[PDB]
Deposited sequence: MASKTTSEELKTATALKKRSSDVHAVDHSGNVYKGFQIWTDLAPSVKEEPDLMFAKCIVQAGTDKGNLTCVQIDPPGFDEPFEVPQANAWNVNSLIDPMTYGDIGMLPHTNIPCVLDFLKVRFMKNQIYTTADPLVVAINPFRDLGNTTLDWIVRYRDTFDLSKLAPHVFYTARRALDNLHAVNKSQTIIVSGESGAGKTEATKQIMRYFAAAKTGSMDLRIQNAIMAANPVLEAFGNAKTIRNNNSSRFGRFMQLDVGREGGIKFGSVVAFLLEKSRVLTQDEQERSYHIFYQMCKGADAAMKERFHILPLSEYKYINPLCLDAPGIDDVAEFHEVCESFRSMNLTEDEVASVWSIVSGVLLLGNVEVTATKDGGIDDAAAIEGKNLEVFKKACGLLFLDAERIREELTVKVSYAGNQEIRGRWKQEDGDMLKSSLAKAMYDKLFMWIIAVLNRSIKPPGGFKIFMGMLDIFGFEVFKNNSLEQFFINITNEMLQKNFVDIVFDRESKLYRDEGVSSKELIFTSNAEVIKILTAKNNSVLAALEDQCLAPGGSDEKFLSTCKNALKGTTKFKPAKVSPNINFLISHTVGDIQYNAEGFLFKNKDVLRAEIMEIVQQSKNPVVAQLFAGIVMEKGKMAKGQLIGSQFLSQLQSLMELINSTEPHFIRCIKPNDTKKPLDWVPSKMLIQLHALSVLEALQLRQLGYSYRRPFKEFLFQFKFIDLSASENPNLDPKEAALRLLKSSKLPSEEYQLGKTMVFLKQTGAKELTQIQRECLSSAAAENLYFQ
């Protein structure tokens, strides 16, 4: 039942270059359930005939203008080679946004197309009636903002994808849309502090990665109070799981956080001498092979984050205090912890000579008591029963504790700047009804994946479980429980991999936590208990190469191999109490507030707990999903890799979405919410307290004269199609006094 053009799985140009997965060919002969003789044209290289079975042949969508179809579902033929070609043609014409049911897909162009300027914001925000432009992320922003004010219910925009897909860039674009309000008038200062925060959060939190030159090394969540006619009034920012290990070491092709390069390269000579700023090559903490990020002007961002500090109401004392801590964090890595005498195996740690001259100058930059810190890095008081002993630290421990100071100072400074931001911006009353935004670090894969990547990929798995539960599991169950539709909706879940990773027991994070709670623990003993706590699952497997320390997980985006070397050390990377209480007693105001109020606390345990707390908040809101896709690995514009596109389409469930059109209606809201959203259609039916909400909704629907097939009444909700929601919003045009 197919036309004259087919897509081919077994073709000459696809068997020769499997990365491009399909060829388009015109059928010259054949029959139903017989072999077909056809020649391919879309790769014009092969001008000769060949044969293909009846299978491995899909319809083409030959006559469509792909620039006129905004949704994948609206295409006549929605098979894999059609969806791939549909997104390709639109992407080659610089149209990257394409909707799929509630989902919206955004493909990285790797260049500013100019489609997010202020003129585009105005055209998507205030064009009368409804959105009849092309799909966009401004689609999501306006629909979510309209839903917010129409029902008084919190919404949450959630971007997703892999590293370098455009999650953060889409987030910044939606903030620019929300911040645009030419209809009303407000005080600019709070909104300007929110927008000016984006540079400093990317300076302190982002760094060059082979997968993304501006990779966010932290997750971001934002609650927003967006005005009715646009404009941002209040907000709050939360950053979780900053990767402190990046402060110490980096791969050869990567950089540390941008702020180190902005400072060393952009600081004036007076500032360099003031905070003892060395060139980047003379910092052990800075990878000297890669000092340049292709898309970033480090000197331009340096003056950008300097002006941003003023918009966030940081006094000149605090700004100078921040640069001192940044330089102090860098200089601390130059302190060599030399091995000294009076050690058991000549292993005792100490700082001497030129290292102590550097150590004193670094502590002064960090505003710390030098000799009190030095004692905590060198001597270790222990208790063999009732015997107090002033033993020494081995060189290994003293060096880790020294680097631990630099990481905690940088980690807490990043949180303190955000906390300074929230004090100036958080709403005076509180957050009851808000606009949520989630900017999570995406899936990432390297030749060597440590705990930094393990946590990041686990966050992405939990989001997908929350995606599948909300969009597929809850929706399919809700329709059946309402009596609207009994449908056999089948999909791909990640419930088994999320269990063997995050459960209370019989999971990787559980085996990690128990290993760190032991007096004597090893990375290999942690992987050992993983191999047998539960091995009856294909989601966890011992790696094929070096299986004593390496393991791999069968993720939703493929298989990823991790190595446990350093898991315990990195999972227990908390500043010691005896060192933390020294930086608390600093006479410098900002340093004294970094650890203020502090007197279980493992990263993996305190980070999964925050994820659950954030999952509970977000699920109290109505979610909107943006699926960001990276079309190539070379970051080249107009570069299209069909094999990579298809992997992300399965991972983000863009193809599996299309089932949702078969699941009845697109609008589903309780009777009371519906009567409030369209109350002016029949005020006698909506504002009558002595009425039954199902009859009142029916009276309002029958007053709207909406056709019968465009709505339905469930047991406790009113369902209606995409056509019915458009009309009711339009009918609310009557003018009351």
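> Wait, which stretches of the deposited chain are just not there in the structure?
1-32, 632-639, 778-787 are the stretches of the deposited chain that have no C-alpha coordinates in the structure.
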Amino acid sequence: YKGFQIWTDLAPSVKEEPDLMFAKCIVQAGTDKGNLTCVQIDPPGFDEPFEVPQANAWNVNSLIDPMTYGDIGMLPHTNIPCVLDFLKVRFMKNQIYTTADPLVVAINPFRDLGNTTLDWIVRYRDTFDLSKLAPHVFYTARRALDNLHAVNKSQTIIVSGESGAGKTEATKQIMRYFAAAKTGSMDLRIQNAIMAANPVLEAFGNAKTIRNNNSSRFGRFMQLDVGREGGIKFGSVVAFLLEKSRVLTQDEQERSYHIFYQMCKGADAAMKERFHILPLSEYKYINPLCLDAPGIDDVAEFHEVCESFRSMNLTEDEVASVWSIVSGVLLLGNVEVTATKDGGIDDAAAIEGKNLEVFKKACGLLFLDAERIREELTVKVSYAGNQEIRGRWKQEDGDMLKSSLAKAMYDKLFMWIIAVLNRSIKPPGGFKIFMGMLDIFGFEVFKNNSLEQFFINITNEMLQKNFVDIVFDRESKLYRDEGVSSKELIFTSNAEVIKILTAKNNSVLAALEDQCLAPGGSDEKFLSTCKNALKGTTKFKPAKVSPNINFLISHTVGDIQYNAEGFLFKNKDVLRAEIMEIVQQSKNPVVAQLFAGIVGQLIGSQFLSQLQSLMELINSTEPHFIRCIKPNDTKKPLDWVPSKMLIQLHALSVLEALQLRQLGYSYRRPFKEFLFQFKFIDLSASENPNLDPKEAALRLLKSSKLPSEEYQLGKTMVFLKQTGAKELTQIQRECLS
From here on, numbers count along this sequence of modelled residues.
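> If you average the Cα B factors in the entry, which is higher, 205-213 or 363-371?
Mean C-alpha B-factor is greater for 363-371.
> May I ask you to compare 388-396 and 323-331 by their mean CA B factor in the entry and name the higher one?
For C-alpha atoms only, the mean B-factor is higher in 388-396.
> Quiz for you: based on the deposited Cα B-factor, which of 610, 250, 140, 185 is highest?
Going by the entry's C-alpha B-factors, 185 comes out highest.
> Highest recorded C-alpha temperature factor, please, choosing from 263, 226, 106, 489.
Largest recorded C-alpha B-factor: 489.
> What third of the chain, by the recorded C-alpha B-factor, contains residue 412?
As the PDB entry reports it, the C-alpha B-factor of residue 412 lands in the lowest third of its chain.
> By the recorded C-alpha temperature factor, relative to the other modelled residues in its chain, which third is residue 551 in?
Tercile = highest for this residue's CA B-factor.
> Going by the recorded CA B-factors, say which third of the chain residue 59 sits in, lowest, middle or highest.
CA B-factor rank for residue 59: middle third.
> Just say lowest, middle or highest third for the CA B-factor of residue 441 relative to the other modelled residues in its chain.
According to the entry, residue 441 has a C-alpha B-factor in the chain's lowest third.
> Test of reading the entry: by CA B factor among the chain's modelled residues, which third contains residue 475?
Its C-alpha B-factor belongs to the middle third of this chain's values.
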